[PDB]
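The structure appears right after this line, and notes come after that.
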Amino acid sequence: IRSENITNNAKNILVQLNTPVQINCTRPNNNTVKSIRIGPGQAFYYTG
Amino acid sequence: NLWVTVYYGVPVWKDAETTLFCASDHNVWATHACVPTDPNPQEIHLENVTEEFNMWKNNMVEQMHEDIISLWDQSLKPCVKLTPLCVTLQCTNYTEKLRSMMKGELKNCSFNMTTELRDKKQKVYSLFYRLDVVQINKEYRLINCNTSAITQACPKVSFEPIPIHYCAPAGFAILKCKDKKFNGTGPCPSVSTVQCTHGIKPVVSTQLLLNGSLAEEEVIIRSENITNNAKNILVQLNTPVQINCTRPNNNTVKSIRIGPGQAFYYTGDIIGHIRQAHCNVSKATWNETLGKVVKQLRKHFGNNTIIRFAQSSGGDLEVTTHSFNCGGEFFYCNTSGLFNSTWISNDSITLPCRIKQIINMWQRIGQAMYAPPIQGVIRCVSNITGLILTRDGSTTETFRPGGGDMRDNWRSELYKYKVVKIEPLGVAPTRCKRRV
Amino acid sequence: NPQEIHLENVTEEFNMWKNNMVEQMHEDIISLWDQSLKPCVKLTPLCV
Amino acid sequence: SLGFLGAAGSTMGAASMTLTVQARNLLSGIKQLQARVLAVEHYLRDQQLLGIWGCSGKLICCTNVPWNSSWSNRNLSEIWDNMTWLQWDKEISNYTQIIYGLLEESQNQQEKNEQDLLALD
Amino acid sequence: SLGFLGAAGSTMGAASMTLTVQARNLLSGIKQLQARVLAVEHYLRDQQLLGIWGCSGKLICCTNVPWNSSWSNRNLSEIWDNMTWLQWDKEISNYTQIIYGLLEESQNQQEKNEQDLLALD
Amino acid sequence: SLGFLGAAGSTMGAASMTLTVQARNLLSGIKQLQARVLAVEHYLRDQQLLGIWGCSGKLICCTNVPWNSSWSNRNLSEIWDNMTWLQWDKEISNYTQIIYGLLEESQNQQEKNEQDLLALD
Amino acid sequence: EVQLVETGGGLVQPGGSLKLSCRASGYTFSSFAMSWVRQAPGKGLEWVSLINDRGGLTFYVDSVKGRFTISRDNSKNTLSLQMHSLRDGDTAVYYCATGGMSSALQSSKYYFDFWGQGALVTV
Ligand SMILES: *[C@@H]1O[C@H](CO)[C@@H](O[C@@H]2O[C@H](CO)[C@@H](O[C@@H]3O[C@H](CO[C@H]4O[C@H](CO)[C@@H](O)[C@H](O)[C@@H]4O)[C@@H](O)[C@H](O[C@H]4O[C@H](CO)[C@@H](O)[C@H](O)[C@@H]4O[C@H]4O[C@H](CO)[C@@H](O)[C@H](O)[C@@H]4O)[C@@H]3O)[C@H](O)[C@H]2NC(C)=O)[C@H](O)[C@H]1NC(C)=O
Ligand SMILES: *[C@@H]1O[C@H](CO)[C@@H](O[C@@H]2O[C@H](CO)[C@@H](O[C@@H]3O[C@H](CO)[C@@H](O)[C@H](O[C@H]4O[C@H](CO)[C@@H](O)[C@H](O)[C@@H]4O)[C@@H]3O)[C@H](O)[C@H]2NC(C)=O)[C@H](O)[C@H]1NC(C)=O
Ligand SMILES: *[C@@H]1O[C@H](CO)[C@@H](O[C@@H]2O[C@H](CO)[C@@H](O)[C@H](O)[C@H]2NC(C)=O)[C@H](O)[C@H]1NC(C)=O
Ligand SMILES: *[C@@H]1O[C@H](CO)[C@@H](O)[C@H](O)[C@H]1NC(C)=O
Ligand SMILES: *[C@@H]1O[C@H](CO)[C@@H](O)[C@H](O)[C@H]1NC(C)=O
Ligand SMILES: *[C@@H]1O[C@H](CO)[C@@H](O)[C@H](O)[C@H]1NC(C)=O
Ligand SMILES: *[C@@H]1O[C@H](CO)[C@@H](O)[C@H](O)[C@H]1NC(C)=O
Ligand SMILES: *[C@@H]1O[C@H](CO)[C@@H](O)[C@H](O)[C@H]1NC(C)=O
Ligand SMILES: *[C@@H]1O[C@H](CO)[C@@H](O)[C@H](O)[C@H]1NC(C)=O
Ligand SMILES: *[C@@H]1O[C@H](CO)[C@@H](O)[C@H](O)[C@H]1NC(C)=O
Ligand SMILES: *[C@@H]1O[C@H](CO)[C@@H](O)[C@H](O)[C@H]1NC(C)=O
Ligand SMILES: *[C@@H]1O[C@H](CO)[C@@H](O)[C@H](O)[C@H]1NC(C)=O
Ligand SMILES: *[C@@H]1O[C@H](CO)[C@@H](O)[C@H](O)[C@H]1NC(C)=O
Ligand SMILES: *[C@@H]1O[C@H](CO)[C@@H](O)[C@H](O)[C@H]1NC(C)=O
Ligand SMILES: *[C@@H]1O[C@H](CO)[C@@H](O)[C@H](O)[C@H]1NC(C)=O
Ligand SMILES: *[C@@H]1O[C@H](CO)[C@@H](O)[C@H](O)[C@H]1NC(C)=O
Ligand SMILES: *[C@@H]1O[C@H](CO)[C@@H](O)[C@H](O)[C@H]1NC(C)=O
Ligand SMILES: *[C@@H]1O[C@H](CO)[C@@H](O)[C@H](O)[C@H]1NC(C)=O
Ligand SMILES: *[C@@H]1O[C@H](CO)[C@@H](O)[C@H](O)[C@H]1NC(C)=O
Ligand SMILES: *[C@@H]1O[C@H](CO)[C@@H](O)[C@H](O)[C@H]1NC(C)=O
Ligand SMILES: *[C@@H]1O[C@H](CO)[C@@H](O)[C@H](O)[C@H]1NC(C)=O
Ligand SMILES: *[C@@H]1O[C@H](CO)[C@@H](O)[C@H](O)[C@H]1NC(C)=O
Ligand SMILES: *[C@@H]1O[C@H](CO)[C@@H](O)[C@H](O)[C@H]1NC(C)=O
Ligand SMILES: *[C@@H]1O[C@H](CO)[C@@H](O)[C@H](O)[C@H]1NC(C)=O
């Protein structure tokens with residue numbers, strides 16, 4: 001546990017772990033992407 | 001018996017790749033940013049130095065390429081960007097009564113163009129070359145709208161290829177081959193040292209090399225392999241062939257403002273008859289030129305064979321035609337009249353040339369330039385000093401015009417130079433002992 | 001704590017009309033001015 | 001004078017008479033500055049190397065490292081009268097770092113020895 | 001060899017044997033150029049300072065300026081055997097410019113003395 | 001001390017006592033980098049020139065090139081007591097490169113001569 | 001093929017100044033160091049002086065160090081010895097010879113490989 005002061009509650013506390021914790025994170029939606037040209041050579045991408 | 005003696009200032013060097021700075025005595029190429037040249041440059045002949053050169057692995061060509069691209073883009077940045085031009089055009093054929101090769105070229109296109117004030121519009125009529133306008137199903141659009149915006153070239157900046165010298169920094173030197181029969185690779189026994197190269201005109205062309213420098217004694221054929229037909233063959237001529245080429249139409253240029261301080265230039269009308277742009281190469285001179293080329297090709301491909309010249313294969317107009325700048329205008333010459341012959345063991349050749357105002361240069365996608373029109377008739381006289389040839393994949397060999405990789409034009413001009421790093425230190429045995 | 005060193009017996013020829021400090025001061029002022037205005041609102045919609 | 005590198009094709013002995021010429025040509029936006037800074041860094045690295053060897057003010061500097069024969073078994077006639085510096089460079093390339101290491105060690109010993117002699121009243 | 005700064009924790013005596021290791025390591029888009037130039041400027045300022053003292057070609061350079069004791073009252077074994085250079089630099093920091101000033105004056109006098117000695121036929 | 005260039009109006013003799021003052025002040029975004037690099041190149045060109053002459057570690061370097069009189073026919077009192085260095089620099093301008101060339105040649109002979117003297121067992 | 005010819009005076013009164021010039025041929029003059037060796041009529045050989053190939057360095061035997069000057073002109077292939085004081089003990093046949101030294105990048109000498117005919121100098 002590292003902190004500039006510890007006693008001063010206005011500072012952030014940086015906690016370095018000894019072992020990692022795995023975080024399995026996903027965006028489950030099967031988004032189908034479309035694109036259009038918005039200017040000469042300027043393409044815009046959006047979720048279709 | 002002998003002791004190590006340290007010497008500093010030893011005249012030795014090793015092959016190296018370093019940064020070179022331009023020297024030169026408005027223009028697209030920024031001689032303002034470049035450094036003034038030495039009015040009395042030195043060249044030091046190395047009487048007993050033989051060195052190995054390789055024009056195909058010469059990093060001076062790669063640096064020249066980046067410098068030309070950078071200067072081009074810097075020149076175009078402070079200019080009018082033609083975003084208001086990607087509009088619907090209503091085009092008709094300028095003259096329906098033409099019976100010349102120009103019928104179908106030069107369309108009279110109308111459009112609603114912007115003006116200085118954001119709240120107003122103006123109706124503009126202008127002429128465009130057929131190659132610049134593509135039908136959108138009459139309704140047309142500019143060819144670039146499909147891929148990129150167009151930056152208008154500044155009308156005040158000349159496209160003349162003013163010579164550029166490349167000069168090495170201290171600690172490095174440039175070796176000049178000075179071998180009249182050097183084929184672009186291998187040992188060169190007449191090496192001299194210069195600090196900077198001679199001036200090179202950044203002439204941009206395909207198929208034929210214009211201006212630059214001629215071979216001293218005979219046509220020289222340079223290729224990375226010869227055997228591998230996929231490589232370009234660079235042919236340096238012994239004598240120049242003059243090519244007299246013009247854009248005969250007396251184009252009258254009008255201009256309008258398209259935004260605050262944004263001026264757009266376009267061809268307004270043409271005074272007099274409409275005539276095709278063309279190049280003229282003398283038949284006798286060209287035939288002699290090819291005869292020299294055929295004998296030099298035979299020296300590598302074998303005697304008692306047939307050497308055929310044919311027109312280029314299909315592909316982008318810039319590559320399939322002879323592309324070049326003339327007066328600031330862009331010409332795309334057919335060239336088929338020059339490469340239509342089979343060689344078995346006053347009366348000029350007139351080449352049609354197309355004019356295109358929307359240039360997608362350097363084989364890049366995403367940038368485009370609008371070449372503004374030039375008032376009056378354009379006439380250029382230039383020297384053809386070399387060819388870029390390719391070979392078909394056999395008793396008969398067939399050669400065709402090639403190009404499109406601009407680095408090969410600079411490879412032709414830079415074949416004489418190598419950049420080396422100076423290593424001033426060395427050690428050697430002597431009888432000299434430091435006094436302890 | 002800037003210093004100034006008097007040259008007791010030095011006479012020098014000055015010419016304010018060929019003084020290259022002026023050309024650099026001018027160029028520097030132009031550069032500062034343009035850098036200052038560059039990251040600011042450009043009123044092209046105002047030309048109505 | 002033959003000018004910069006004019007003696008490059010000459011024998012090692014003859015080319016020793018032009019050591020000052022090449023030295024002068026070692027010193028005499030971003031691209032130009034990088035080229036100039038690189039020239040300065042190479043010059044200074046070579047001068048620092050000479051300094052470590054005790055050769056900081058010399059173009060020809062004699063040392064106390066013996067020639068070990070394996071580095072090159074040519075006699076003085078063959079090296080100085082019948083060879084150029086480019087040929088020598090190539091011949092001695094594989095031993096250059098060995099020689100440089102010995103030169104550094106030799107100077108270090110001499111500095112300590114000098115320091116001790118100057119400590120004798 | 002202990003490598004660059006590997007002698008930092010060693011005694012001053014032992015650490016004096018590795019001066020060439022650090023010497024090599026003082027020399028070996030706008031930020032890269034500027035730092036390279038800064039490294040050159042620091043190197044040259046230190047070499048120029050050594051030149052003022054007549055030490056341009058030496059890593060260990062003896063001088064003619066006596067130690068004034070007030071600067072440090074330690075014996076030779078207390079400094080060279082029982083201390084590191086980091087401790088010395090802290091201990092002698094307040095007197096560094098005084099010492100440098102004296103070194104400059106000593107060399108200036110030496111150059112005049114040499115100039116006069118060389119004028120005796 | 002008179003400070004940087006404070007001796008400029010003094011006689012050459014008196015001015016010879018302040019050489020370290022100017023020497024220290026020779027070393028002490030594109031524009032900043034170009035100017036400081038340029039200062040380094042000028043410093044190094046002067047140091048290289050002194051090196052070629054065998055003056056790499058000295059501010060007052062006494063050489064072996066005789067004065068040819070034609071360069072200046074003033075005697076020692078007229079030069080060292082009745083003139084400043086600016087007046088001398090103006091007077092000797094047309095002969096500066098001649099002197100420099102002679103200095104280079106003299107040092108080259110000395111280095112070769114030393115190399116031969118050190119080859120006598 | 002190598003020849004050395006010594007030309008000079010054969011008589012000088014004591015306190016006189018004389019010059020002896022040895023001209024060389026058959027080899028590159030500028031590539032060899034040269035010396036003078038003296039032999040009194042009733043004595044053996046004595047080394048007197050040594051000059052480098054370039055002429056920059058000169059050495060003398062102590063007996064003549066303050067009185068003799070050795071020099072060479074490499075364009076005329078001539079080695080000259082200028083004698084001063086010329087005290088009686090300097091009556092002898094003088095010989096010029098190549099060798100005795102090398103310029104650090106050459107194999108060592110320390111011997112005299114070519115000798116001239118010599119010249120008798122009577123004080
Ligand atoms: C973080 O942790 C959470 C739990 O805390 C976890 O959530 C779980 O996600 C999984 C998906 O990965 C969900 O699984 C679904 O479960 C239902 C119900 O299954 C039960 O019932 C069947 C009955 O046959 C049993 O076999 C099974 O064992 C269970 O008891 C299923 O209906 C789902 O199957 C569909 O999706 C599959 C995805 O691959 C398809 O393969 C499958 O065929 C099904 O979809 C297809 O068929 C359908 C047929 O009706 C059709 O309608 C569909 O359109 C499609 O064609 C699926 O297996 C599980 O329920 C979640 N659990 C909870 C408690 O919510 C997160 O996944 C986890 N995240 C990470 C990142 O680790
Ligand atoms: C190979 O080299 C040749 C010879 O160098 C070269 O041909 C030359 O081209 C230039 C530019 O096109 C010609 O010079 C022009 O000539 C006309 C004659 O009226 C002038 O009007 C031009 O100057 C006006 O226009 C310029 C436009 O930028 C302005 O900058 C200028 O201020 C003037 O308003 C200009 O001088 C020149 O005449 C020809 N040479 C010959 C002999 O015809 C050729 O282009 C080179 N090859 C290639 C592929 O570029
Ligand atoms: C150059 O002009 C010639 C005609 O003069 C064109 O040659 C024709 O090419 C087509 C294929 O594009 C062939 O089918 C024809 O048979 C050719 N005709 C002749 C008479 O040769 C050539 O294509 C033109 N090139 C360009 C790039 O426009
Ligand atoms: C880290 O440990 C030191 C030991 O002196 C102590 O002074 C300091 O407060 C500690 N800091 C934290 C954030 O624990
Ligand atoms: C934060 O640290 C300081 C010392 O830097 C200390 O005086 C202060 O008490 C600390 N903060 C609090 C809330 O105690
Ligand atoms: C949004 O609504 C419109 C209404 O007609 C529909 O056509 C369109 O498919 C909808 N978009 C999506 C992504 O479902
Ligand atoms: C212009 O000429 C071309 C030539 O092929 C023709 O196809 C086209 O229809 C003509 N356009 C008009 C509007 O007449
Ligand atoms: C210009 O805008 C008007 C608006 O009514 C339209 O009728 C006309 O076709 C436009 N002109 C062109 C050339 O597209
Ligand atoms: C637009 O660009 C694509 C790129 O592949 C090209 O195939 C297409 O022909 C172009 N459009 C027209 C109308 O030529
Ligand atoms: C150039 O000549 C050299 C001579 O060795 C040869 O190896 C090389 O293949 C030749 N290249 C061409 C393209 O003729
Ligand atoms: C290219 O040259 C190499 C030698 O460098 C040769 O082996 C090879 O055959 C050549 N290419 C072809 C396609 O023959
Ligand atoms: C090109 O024009 C010049 C003008 O003087 C003329 O002398 C020359 O013969 C012409 N060349 C050709 C090939 O028409
Ligand atoms: C284009 O066509 C219009 C049709 O009214 C005509 O007025 C105009 O003159 C034409 N432009 C040119 C340059 O001939
Ligand atoms: C084009 O026509 C105008 C009309 O007067 C004339 O002044 C001009 O000189 C012509 N240009 C050429 C090159 O013939
Ligand atoms: C063509 O080459 C000749 C060779 O003497 C030269 O004089 C002439 O100026 C060249 N022409 C051009 C347009 O560069
Ligand atoms: C090149 O070698 C020849 C061989 O005779 C020699 O005479 C000449 O001096 C050498 N060149 C140089 C520059 O030393
Ligand atoms: C010479 O090199 C050999 C290896 O070739 C080595 O064994 C020997 O110690 C070296 N001798 C000296 C004196 O450095
Ligand atoms: C240096 O080492 C390389 C290793 O491949 C070898 O080929 C080369 O001949 C060596 N050079 C000498 C001069 O020993
Ligand atoms: C650290 O101190 C110990 C004390 O015994 C000594 O042995 C060791 O050599 C020292 N480390 C270095 C790097 O000098
Ligand atoms: C030592 O320094 C003191 C000031 O700390 C000074 O008074 C004294 O004179 C100095 N001694 C010598 C011998 O220079
Ligand atoms: C250096 O001066 C500072 C001034 O505050 C003082 O605290 C420190 O003790 C001094 N150090 C020595 C070694 O005299
Ligand atoms: C200036 O000259 C005067 C004599 O005129 C002299 O006393 C004075 O010291 C000089 N100043 C300097 C700085 O040398
Ligand atoms: C002095 O210089 C002149 C030329 O200004 C020259 O002729 C003369 O020989 C020189 N004198 C000496 C002794 O070098
Ligand atoms: C240098 O030479 C120029 C030649 O015009 C002359 O005017 C000037 O006075 C000379 N200067 C000296 C100090 O001799």
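If you're wondering about the labels, chains in the structure tokens are A, B, ... by order shown, residues count from 1 in each chain, ligands from 1 in order shown.
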Select all residues from chain A having any atom no more than 8 Å from an atom of chain B (counting only C-alpha atoms, ignoring ligands), output as a list in words.
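Filtering chain A at 8 Å from chain B with only C-alpha atoms gives residues 39, 40, 41 and 42 of chain A.
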Throw together the list of residues within 10 Å of ligand 3, counting only C-alpha atoms and all ligand atoms, and drop it here as a PyMOL selection string.
chain B and resi 310-322+332-337+340+351-354
Point-to-point distance from CA of residue 115 in chain B to CA of residue 134 in chain B, Å rounded to tenths
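Spanning CA of residue 115 in chain B to CA of residue 134 in chain B is a straight-line distance of 24.5 Å.
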Determine which residues of chain E sit within 7 Å of chain F, taking into account only C-alpha atoms, and present them as a ChimeraX atom specification.
/E:34,37,45,51-52,54,56,111,115
Once chain E is fitted onto chain D by least squares over all its in-order Cα atoms, send the moved chain as an mmCIF file with C-alpha atoms, in the first residue's frame.
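Now in part.cif:
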```cif
data_model
loop_
_atom_site.group_PDB
_atom_site.id
_atom_site.type_symbol
_atom_site.label_atom_id
_atom_site.label_comp_id
_atom_site.auth_asym_id
_atom_site.auth_seq_id
_atom_site.Cartn_x
_atom_site.Cartn_y
_atom_site.Cartn_z
ATOM 1 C CA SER E 1 48.168 18.394 -51.481
ATOM 2 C CA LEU E 2 45.828 15.721 -52.844
ATOM 3 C CA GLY E 3 42.794 16.959 -50.894
ATOM 4 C CA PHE E 4 40.342 15.100 -48.693
ATOM 5 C CA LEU E 5 40.820 11.334 -49.070
ATOM 6 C CA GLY E 6 43.204 11.912 -51.970
ATOM 7 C CA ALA E 7 45.697 9.668 -50.158
ATOM 8 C CA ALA E 8 43.144 6.836 -49.859
ATOM 9 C CA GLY E 9 44.824 4.985 -52.715
ATOM 10 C CA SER E 10 48.342 5.821 -51.525
ATOM 11 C CA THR E 11 50.468 3.595 -49.344
ATOM 12 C CA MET E 12 49.974 3.674 -45.586
ATOM 13 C CA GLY E 13 53.307 5.448 -45.198
ATOM 14 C CA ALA E 14 52.493 8.144 -47.739
ATOM 15 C CA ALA E 15 48.912 8.360 -46.469
ATOM 16 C CA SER E 16 50.148 9.055 -42.928
ATOM 17 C CA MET E 17 51.372 12.471 -44.166
ATOM 18 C CA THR E 18 47.819 13.792 -44.844
ATOM 19 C CA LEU E 19 46.092 13.183 -41.489
ATOM 20 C CA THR E 20 45.250 16.863 -40.987
ATOM 21 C CA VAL E 21 43.295 16.982 -44.238
ATOM 22 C CA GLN E 22 40.746 14.434 -43.045
ATOM 23 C CA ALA E 23 40.894 15.804 -39.502
ATOM 24 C CA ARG E 24 39.592 19.137 -40.746
ATOM 25 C CA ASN E 25 36.826 17.354 -42.679
ATOM 26 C CA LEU E 26 35.181 15.489 -39.776
ATOM 27 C CA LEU E 27 33.548 18.719 -38.511
ATOM 28 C CA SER E 28 33.495 20.821 -41.706
ATOM 29 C CA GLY E 29 15.024 21.713 -40.851
ATOM 30 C CA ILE E 30 15.113 18.932 -38.279
ATOM 31 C CA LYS E 31 17.313 16.794 -40.530
ATOM 32 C CA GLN E 32 20.062 19.434 -40.762
ATOM 33 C CA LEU E 33 20.206 19.834 -36.988
ATOM 34 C CA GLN E 34 20.151 16.075 -36.397
ATOM 35 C CA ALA E 35 22.985 15.412 -38.851
ATOM 36 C CA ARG E 36 25.070 18.239 -37.407
ATOM 37 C CA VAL E 37 24.565 16.771 -33.952
ATOM 38 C CA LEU E 38 25.394 13.271 -35.214
ATOM 39 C CA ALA E 39 28.645 14.520 -36.753
ATOM 40 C CA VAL E 40 29.477 16.114 -33.407
ATOM 41 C CA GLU E 41 28.690 12.899 -31.531
ATOM 42 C CA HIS E 42 30.921 10.810 -33.800
ATOM 43 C CA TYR E 43 33.758 13.331 -33.577
ATOM 44 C CA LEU E 44 33.529 13.482 -29.798
ATOM 45 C CA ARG E 45 33.306 9.715 -29.400
ATOM 46 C CA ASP E 46 36.535 9.307 -31.359
ATOM 47 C CA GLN E 47 38.268 12.149 -29.506
ATOM 48 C CA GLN E 48 37.050 10.766 -26.173
ATOM 49 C CA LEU E 49 38.414 7.359 -27.130
ATOM 50 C CA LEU E 50 41.778 8.943 -27.934
ATOM 51 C CA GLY E 51 41.657 10.688 -24.562
ATOM 52 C CA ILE E 52 41.170 7.356 -22.797
ATOM 53 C CA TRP E 53 44.392 6.155 -24.445
ATOM 54 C CA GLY E 54 46.328 9.331 -23.594
ATOM 55 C CA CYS E 55 46.339 10.473 -27.243
ATOM 56 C CA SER E 56 43.984 13.458 -26.890
ATOM 57 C CA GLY E 57 46.403 15.967 -28.436
ATOM 58 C CA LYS E 58 48.100 13.924 -31.178
ATOM 59 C CA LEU E 59 47.213 12.687 -34.653
ATOM 60 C CA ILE E 60 50.066 10.152 -34.575
ATOM 61 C CA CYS E 61 50.204 8.658 -31.084
ATOM 62 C CA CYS E 62 52.668 5.980 -30.027
ATOM 63 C CA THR E 63 51.599 3.463 -27.390
ATOM 64 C CA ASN E 64 53.099 0.868 -25.031
ATOM 65 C CA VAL E 65 51.015 -2.120 -26.193
ATOM 66 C CA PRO E 66 53.078 -4.664 -28.187
ATOM 67 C CA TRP E 67 51.884 -6.062 -31.483
ATOM 68 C CA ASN E 68 50.861 -9.696 -30.934
ATOM 69 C CA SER E 69 51.690 -10.912 -34.493
ATOM 70 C CA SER E 70 48.459 -12.966 -34.664
ATOM 71 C CA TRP E 71 46.699 -9.687 -35.452
ATOM 72 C CA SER E 72 48.892 -9.369 -38.563
ATOM 73 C CA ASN E 73 52.065 -11.279 -39.502
ATOM 74 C CA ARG E 74 53.220 -8.832 -42.192
ATOM 75 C CA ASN E 75 56.570 -7.069 -42.028
ATOM 76 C CA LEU E 76 56.901 -3.297 -41.814
ATOM 77 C CA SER E 77 57.553 -2.875 -45.531
ATOM 78 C CA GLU E 78 54.634 -5.158 -46.388
ATOM 79 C CA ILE E 79 52.277 -2.945 -44.362
ATOM 80 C CA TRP E 80 53.626 0.577 -44.759
ATOM 81 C CA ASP E 81 54.943 0.409 -48.346
ATOM 82 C CA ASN E 82 52.845 -2.261 -50.139
ATOM 83 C CA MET E 83 49.369 -1.604 -48.646
ATOM 84 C CA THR E 84 46.714 1.087 -48.439
ATOM 85 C CA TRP E 85 44.810 1.913 -45.268
ATOM 86 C CA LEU E 86 41.622 0.420 -46.733
ATOM 87 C CA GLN E 87 43.302 -2.971 -47.078
ATOM 88 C CA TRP E 88 44.678 -2.733 -43.553
ATOM 89 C CA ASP E 89 41.288 -1.814 -42.080
ATOM 90 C CA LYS E 90 39.814 -4.890 -43.710
ATOM 91 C CA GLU E 91 42.690 -7.131 -42.604
ATOM 92 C CA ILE E 92 42.680 -5.886 -38.975
ATOM 93 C CA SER E 93 38.911 -5.435 -38.504
ATOM 94 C CA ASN E 94 38.429 -8.580 -36.391
ATOM 95 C CA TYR E 95 41.076 -7.464 -33.887
ATOM 96 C CA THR E 96 40.163 -3.778 -33.608
ATOM 97 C CA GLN E 97 38.242 -4.090 -30.368
ATOM 98 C CA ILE E 98 40.936 -6.284 -28.864
ATOM 99 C CA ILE E 99 43.531 -3.644 -29.601
ATOM 100 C CA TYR E 100 41.318 -0.902 -28.216
ATOM 101 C CA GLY E 101 40.775 -2.831 -25.010
ATOM 102 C CA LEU E 102 44.494 -3.273 -24.506
ATOM 103 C CA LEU E 103 45.123 0.402 -25.131
ATOM 104 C CA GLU E 104 42.664 1.312 -22.401
ATOM 105 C CA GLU E 105 44.358 -0.952 -19.890
ATOM 106 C CA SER E 106 47.788 0.379 -20.751
ATOM 107 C CA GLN E 107 46.781 3.977 -20.179
ATOM 108 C CA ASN E 108 45.087 3.113 -16.904
ATOM 109 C CA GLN E 109 48.288 1.554 -15.639
ATOM 110 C CA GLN E 110 50.285 4.512 -16.862
ATOM 111 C CA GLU E 111 48.106 6.949 -14.966
ATOM 112 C CA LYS E 112 48.604 4.998 -11.757
ATOM 113 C CA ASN E 113 52.310 4.851 -12.374
ATOM 114 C CA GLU E 114 52.466 8.585 -12.916
ATOM 115 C CA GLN E 115 50.414 9.143 -9.787
ATOM 116 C CA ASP E 116 52.826 7.062 -7.752
ATOM 117 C CA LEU E 117 55.948 8.634 -9.258
ATOM 118 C CA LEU E 118 54.668 12.109 -8.423
ATOM 119 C CA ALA E 119 54.266 11.016 -4.772
ATOM 120 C CA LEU E 120 58.010 10.403 -4.242
ATOM 121 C CA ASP E 121 59.414 13.431 -2.412
#
```
Within 7 Å of residue 35 in chain A, counting only C-alpha atoms, which residues show up once you throw out same-chain ones fewer than 6 positions away? Write them as an mmCIF file with N, CA and C atoms, in the first residue's frame, please.
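Printed below is around_16.cif as written:
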```
data_model
loop_
_atom_site.group_PDB
_atom_site.id
_atom_site.type_symbol
_atom_site.label_atom_id
_atom_site.label_comp_id
_atom_site.auth_asym_id
_atom_site.auth_seq_id
_atom_site.Cartn_x
_atom_site.Cartn_y
_atom_site.Cartn_z
ATOM 1 N N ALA A 43 -15.124 8.636 -44.390
ATOM 2 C CA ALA A 43 -16.091 7.589 -44.090
ATOM 3 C C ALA A 43 -16.425 7.607 -42.607
ATOM 4 N N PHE A 44 -17.712 7.447 -42.316
ATOM 5 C CA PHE A 44 -18.255 7.389 -40.965
ATOM 6 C C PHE A 44 -18.753 5.985 -40.663
ATOM 7 N N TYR A 45 -18.388 5.468 -39.494
ATOM 8 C CA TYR A 45 -18.769 4.132 -39.062
ATOM 9 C C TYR A 45 -19.792 4.250 -37.944
ATOM 10 N N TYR A 46 -20.803 3.391 -37.997
ATOM 11 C CA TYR A 46 -21.864 3.366 -37.005
ATOM 12 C C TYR A 46 -22.402 1.954 -36.901
#
```
Running DSSP on the backbone, which parts of range 233-427 of chain B land in strand (DSSP E or B), as a VMD selection string?
chain B and resid 233 to 259 262 to 271 277 to 282 306 to 309 322 to 327 329 to 333 341 to 344 348 to 355 358 to 359 369 to 370 376 to 391 396 to 401 417 to 422 425 to 427
Members of range 3-106 of chain D assigned alpha helix (DSSP H) by DSSP, as a PyMOL selection string
chain D and resi 12-15+19-24+30-52+76+85-92+96-106
Residue hits in chain G, query chain F, radius 9 Å, only C-alpha atoms, as a ChimeraX atom specification:
/G:52,56-57,101-105,108
For chain B against chain D, with a cut-off of 6 Å and counting only C-alpha atoms, what is the closest atom pair and its distance in Å to one decimal for every residue that makes the cut, ordered by chain and number, as CSV?
```
residue,atom,partner,partner_atom,distance
B:2,CA,D:67,CA,5.5
B:3,CA,D:66,CA,4.3
B:4,CA,D:65,CA,5.6
B:5,CA,D:62,CA,4.6
B:6,CA,D:61,CA,5.0
B:7,CA,D:60,CA,4.8
B:8,CA,D:59,CA,4.9
B:9,CA,D:19,CA,4.4
B:11,CA,D:8,CA,5.0
B:12,CA,D:86,CA,5.4
B:19,CA,D:35,CA,5.9
B:46,CA,D:6,CA,5.6
B:48,CA,D:9,CA,4.3
B:49,CA,D:9,CA,4.9
B:169,CA,D:35,CA,5.9
B:170,CA,D:26,CA,5.0
B:171,CA,D:26,CA,4.4
B:432,CA,D:62,CA,5.9
B:433,CA,D:62,CA,5.8
B:434,CA,D:63,CA,4.8
```
